[PDB]
Amino acid sequence: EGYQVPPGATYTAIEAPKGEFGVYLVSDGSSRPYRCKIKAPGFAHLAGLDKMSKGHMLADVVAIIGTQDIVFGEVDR
Amino acid sequence: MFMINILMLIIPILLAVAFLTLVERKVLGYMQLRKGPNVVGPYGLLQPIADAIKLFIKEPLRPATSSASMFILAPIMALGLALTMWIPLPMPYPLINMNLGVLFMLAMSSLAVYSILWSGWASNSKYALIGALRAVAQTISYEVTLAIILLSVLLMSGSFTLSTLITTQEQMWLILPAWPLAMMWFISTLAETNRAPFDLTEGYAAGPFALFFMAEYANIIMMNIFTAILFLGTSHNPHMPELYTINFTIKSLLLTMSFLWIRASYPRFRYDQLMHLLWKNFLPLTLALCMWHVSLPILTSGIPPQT
Amino acid sequence: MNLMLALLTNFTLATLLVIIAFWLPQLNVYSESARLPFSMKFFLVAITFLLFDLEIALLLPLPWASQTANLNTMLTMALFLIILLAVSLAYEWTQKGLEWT
Amino acid sequence: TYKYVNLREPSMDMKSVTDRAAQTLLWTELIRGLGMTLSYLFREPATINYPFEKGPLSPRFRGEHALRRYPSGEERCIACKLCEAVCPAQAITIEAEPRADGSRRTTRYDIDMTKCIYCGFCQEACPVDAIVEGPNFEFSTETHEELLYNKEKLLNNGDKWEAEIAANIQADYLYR
Amino acid sequence: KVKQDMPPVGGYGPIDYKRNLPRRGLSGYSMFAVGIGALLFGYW
Amino acid sequence: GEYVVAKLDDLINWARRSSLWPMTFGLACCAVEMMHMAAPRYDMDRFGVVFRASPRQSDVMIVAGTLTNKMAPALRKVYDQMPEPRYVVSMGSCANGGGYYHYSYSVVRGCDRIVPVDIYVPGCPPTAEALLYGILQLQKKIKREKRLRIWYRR
Amino acid sequence: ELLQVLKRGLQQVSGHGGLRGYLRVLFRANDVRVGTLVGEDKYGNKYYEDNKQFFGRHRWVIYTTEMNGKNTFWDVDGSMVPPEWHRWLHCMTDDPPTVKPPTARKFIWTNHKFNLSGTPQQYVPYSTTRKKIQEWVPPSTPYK
Ligand SMILES: CCCCCCCCCCCCCCCCCC(=O)OC[C@H](COP(=O)(O)OCCN)OC(=O)CCCCCCCCCCCCCCCCC
Ligand SMILES: CCCCCCCCCCCCO[C@@H]1O[C@H](CO)[C@@H](O[C@H]2O[C@H](CO)[C@@H](O)[C@H](O)[C@H]2O)[C@H](O)[C@H]1O
Ligand SMILES: N=C(N)NC(=N)NCCc1ccc(I)c(Cl)c1
Ligand code: SF4
Ligand code: SF4
Ligand code: SF4
């Protein structure tokens, strides 16, 4: 079965190497989570690529993607 | 006899190109704390042979609906011109002793940019055409400084004969009076041969690809032989010519290795940045040193002989 | 005649390698002009190269010209020509002809 | 507590400005980088001679699954289905019934090795050390079907690898 | 007696972490002097 | 003549397995272990397997990670562009059969639904060594080919 | 020192039993190092160690040239290493099976098999359960 978790919802975050990595975890009182939203820091960073690449050249976009430290495992989940 | 001589130049050129592919991989390997090819033959000695065979028995894809006339003409021109660049090289004697050999090499290499232009047309892809047009702009731009640097050096030599450069350097390498020119010449050959950190194209298949690769690496070795002759002249003893060939070959090998050494060591320029390197740094200095090297023999009374 | 033989051999071997590269056996038995969106900046680079190339053509005879007795005239004209190349570059430079932005 | 990574003012004396001009025109810091790759060229490489040499592993390593026995040769598995229940990938399928001698044993024990995530949760959950992840990691196959393990395949893995599996368990069981 | 992975009595020795990029070479003055000296010897 | 054909088959097989140029579809975590196979300890380049190749110059495709539905058409397009002979190595549970995500609405349950597969490397991820074992297993598979022998019995 | 380096290179030729033995290992294993023989398994694989090498290269195996009727002079596989030596070779332990032998069990395989994929000995999966529903079998006599 697993251990049951008291009902409730938490947003918990840590300073992960790529930024703030958090989970919004909702418990309904049972042994399975009701909802688990994963906050991946690269999600918001990649959303800023268009803003950050403004007034730059094509080869700079490669650098800007690199500077943001983007792993699509977390961006896409 | 002369047909034997031609084949004794062409065939070693191709084998030297094949085994440069092995040396580059192994030199880069040890600089990267690894080994590189060491399984296919002892110490990787059969790797180039395996690669060549693999490439020629691969399916030879074509773009289809292309200017296939120029899909085939691009590598024929590239390899034909690359092999042609070697016929005036004095090692210490040239296959063809040209009075204007230095200018013949300038003329022939200026045509090499066509195989880039034709290959972009033959791809039928508008984005491949753009990449080819970017490579052409990089190549012709660095042709400018290579020509002006060469002319500056020949004002101390006094002729367009490649074997006169040997005479000019009997007492001293030209790198000493002209190290500023040699620095820009060497970097220009890197950008001319699209080598790292100017390998922006890397920023054809099967045998046709192998022929483009062999033409490119023939030019890389060729430009480093020319560099050794131009700036690191070997002393030639007429009665022991192979002493020249050994020493000059070592210098050429070391310069070619330095191309691999540089590839291992640096990031890659942006396109606009290597265009600014030429037009705003090399070319201003090259023009000033051309004026200096035109004046210098006159004001020192060191004008070289014509003959 | 030697140069022709060297040229003919070089491009003949190149042709043979390319045609052989295409005609090796496959062992299969089954069926097988507008305005490019390219910047004006690249046109100006090619034109700039062409005009500098023409200037280099005029400087190529300089090693022979340095053997003249009329060195005062020869040196003046050599520097005149190179300085005009410098002025051409400076005009391109100051007029933003060398920019990519 | 914090530090600045790039808050500095270059000196503008002639000696400092001339130092930077020389670096610009003589490429001194580029030449320095060449020195470092040159030093690596003469270092011994880190490459090992696979497959004659192998990368080191620990007794905890999670590799190919196997079903184990007691010293008598009886199967350890008693079809409790804890492994199936815990499996994060639902990679285990079990059927059971009384054996002809009344023993509680499985009639099916399948592991889809292409569903498995090699997490080791099955061997944690097993109350009798019946299912383990063994030390073998060199079992790639030419077909997908070969990676759908049934009980016969898994028992054969146990008989094939038990010598090593038992020694590894002996080294790590006091940590469990 | 309990036995688990622990640091040695007294702890481990110091570990370096600060950037260490030493200064090398000659000043810009000397480098230009050698370069210009080389040019003049070559010209002569 | 059978002796000549057998030797010619051996020569081309040796060249093709001694010069495997991979195109890596680094889709997810399995790509990292592929990186560690190119890294100094295992140095795949020492076997003649270059680090990275363009699709038009590649002999083997390595599907290293989860293949989602959105990605599947792109992967099939790259496979169709590879010159032949071409081989596919499926690396890791996701590519082999969907793995942890087998029951998801957005995941292809094994890349072998999209392309023919020559070697399946198990693991989540397979160790760099395990992938190298698979590459060397692909080489032995190529060593077994008898293309010219079968051609001359047609 | 270059003479000591060259002397050591020569000592590898003699350490391998002469030129032929030196060349055999050079072409079979692409390695001419000479180690200490730790032991040999019943299949002919030989295990060596040299603790002066860096961790990872301090243990190796020279595979037998034949195993279970398969010519392995050129075709060597990592799965040819039997389980008892597998532990030693991967550094899961310090002691080879010549010093610390594995426990004997009647049911343990006496003969190790390597990867059998692609051959007629390959595993083929199948359901291990018996038929679940029994169908009615009509009488063999006629009577409608
Ligand atoms: C007595 C009177 C005498 C009169 C004459 C006196 C003349 C002597 C004084 C002048 C000396 C000039 C030296 C000429 C070399 C070229 C100088 C140069 O252009 O370097 C600067 C260039 C651009 O500099 P950057 O920092 O990018 O930007 C500055 C613009 N704001 O940056 C670069 O070009 C860097 C190169 C990038 C490529 C890196 C890869 C090469 C690194 C290895 C180099 C090895 C050395 C080459 C040896 C060749 C041997 C043949
Ligand atoms: C360096 C020169 C060395 C000379 C050696 C001469 C050996 C001659 C034997 C050539 C063997 C070629 O072997 C064959 O190559 C072609 C690609 O080129 C492959 O591809 C071919 O067949 C496949 C189907 O089988 C087709 O889908 C493909 O379009 C076709 O090109 C074949 O799958 C392979 O069987
Ligand atoms: N670029 C890579 N993929 N690595 C690499 N340097 N390969 C070079 C392989 C090669 C190419 C053409 C020939 I002719 C030969 Cl003999 C060998
Ligand atoms: S290792 Fe994990 S995923 Fe694989 S069978 Fe065991 S519990 Fe299931
Ligand atoms: S292997 Fe272990 S956990 Fe799984 S059913 Fe058998 S006894 Fe239970
Ligand atoms: S098989 Fe495992 S390691 Fe590989 S991509 Fe899937 S989850 Fe990641």
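Letters A, B, ... mirror the listed sequences (proteins, then strands); counts begin at 1. Values below: all heavy atoms of this structure, side chains included; hydrogens, waters and symmetry mates excluded.
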Stepwise side chain to side chain contact (heavy atoms under 4.5 Å, CB included) test for D/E152 and G/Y126: CA-CA 10 Å; D/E152 302 295 337; G/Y126 61 92; 3.3 Å; yes
Crowding at NZ, D/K81 (>12 non-hydrogen neighbours, <6.0 Å): yes
Check ion pair G/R130-D/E95 (N to O, under 4.0 angstrom): no
Tell me, for G/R33 versus chain D, whether the close heavy atoms (under 4.5 Å) come from the side chain, the backbone, both or neither. side chain
If I measure from the heavy atoms of chain G, does D/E145 come under 4.5 Å with its side chain, its backbone, both, or neither? both
OG1 (G/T128) and CG (D/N150) are apart, to the nearest 0.5 Å, by 6.0 Å
Quick check for you: among D/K54, D/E44, D/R60, which has the greatest number of heavy-atom pairs under 4.5 Å with chain G? D/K54
Verify the neighbour count for atom CD of D/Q90: are there more than 12 heavy atoms of other residues, nucleotides or ligands below 6.0 Å? no
Rounded to the nearest 0.5 Å, what's the gap from OG1 on G/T129 to NZ on D/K151? Could you check? 12.0 Å
Verify the neighbour count for atom NZ of G/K7: are there more than 12 heavy atoms of other residues, nucleotides or ligands below 6.0 Å? no
Going by distance alone, is a donor N or O of one side chain under 3.5 Å from an acceptor N or O of the other, for G/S117 and D/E146? yes
Atom group of G/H90 that falls short of 4.5 Å from chain D, counting heavy atoms: both
Starting from the C-alpha separation in whole Å, work towards a yes-or-no answer on side chain to side chain contact (heavy atoms under 4.5 Å, CB included) for G/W109 and D/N156. CA-CA 9 Å; G/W109 285 13; D/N156 278 337; 3.9 Å; yes
Separation between CG of G/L116 and CD of D/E142, rounded to the nearest 0.5 Å: 11.5 Å
I'd like to verify something: which residue of G/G118, G/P82, G/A29, G/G56 has the highest number of heavy-atom pairs under 4.5 Å with chain D? G/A29
Residue among G/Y48, G/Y123, G/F55 with most heavy-atom pairs under 4.5 Å to chain D: G/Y123
Pick one of side chain, backbone, both or neither for D/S72, based on which atoms fall under 4.5 Å of a heavy atom in chain G. backbone
Counting C-beta onward and ignoring hydrogens, is there a side-chain heavy-atom pair between D/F139 and G/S79 closer than 4.5 Å? no
Side chain from CB out, backbone as N, CA, C, O: work out which of these in G/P83 comes under 4.5 Å of a heavy atom of chain D, or both, or neither. both
Rounded distance (nearest 0.5 Å) linking atom CG of G/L89 with atom CD of D/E53: 8.5 Å
Got a sec: does the CZ of G/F54 have more than 12 other heavy atoms crowding it under 6.0 Å? yes
Begin from the C-alpha positions of G/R57 and D/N49 and carry the test side chain to side chain contact (heavy atoms under 4.5 Å, CB included) through to its verdict. CA-CA 7 Å; G/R57 303 215 70 201; D/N49 192 35; 3.7 Å; yes
Please tell me if the side chains of G/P125 and D/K153 come closer than 4.5 Å, counting only heavy atoms from C-beta onward. no
Any chance you could lay out the side chain to side chain contact (heavy atoms under 4.5 Å, CB included) test for G/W85 and D/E164, step after step, and finish with the verdict? CA-CA 8 Å; G/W85 281 102; D/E164 190 173 5; over 6 Å; no
More than 12 foreign heavy atoms under 6.0 Å from CZ of D/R43: is that the case here? yes
Scanning both residues in full, the closest heavy-atom pair of G/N115 with D/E138 reads ND2-O, 3.7 Å
How long is the gap from CG on D/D159 to OG1 on G/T110, to the nearest 0.5 Å? 11.0 Å
Under 4.5 Å from any heavy atom of chain G, what part of D/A166 do you find: side chain, backbone, both or neither? neither
Check: D/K160 side chain, G/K113 main-chain N or O, donor-acceptor pair, under 3.5 Å: yes
Most chain G-contacting option - heavy-atom pairs closer than 4.5 Å, from D/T93, D/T141, D/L148: D/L148
Check whether D/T47 gets within reach of chain G through its side chain, its backbone, both or neither, counting any heavy atom under 4.5 Å. backbone
Heavy-atom neighbours of D/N6 CG exceed 12 at 6.0 Å: no
Please work out which of the three classes, parallel, tilted or perpendicular, describes the rings of G/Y63 and D/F52, given edges at 30° and 60°. tilted
Given the options G/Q53, G/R105, G/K106, which has more heavy-atom pairs under 4.5 Å with chain D than any of the others? G/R105
Most heavy-atom pairs under 4.5 Å with chain D, out of G/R59, G/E84, G/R87, belong to G/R87
Nearest 0.5 Å, what's the CD-CZ distance between D/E162 and G/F107? 5.0 Å
Heavy-atom cut-off 4.5 Å, strictly under: side chain, backbone, both or neither for D/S58 against chain G? backbone
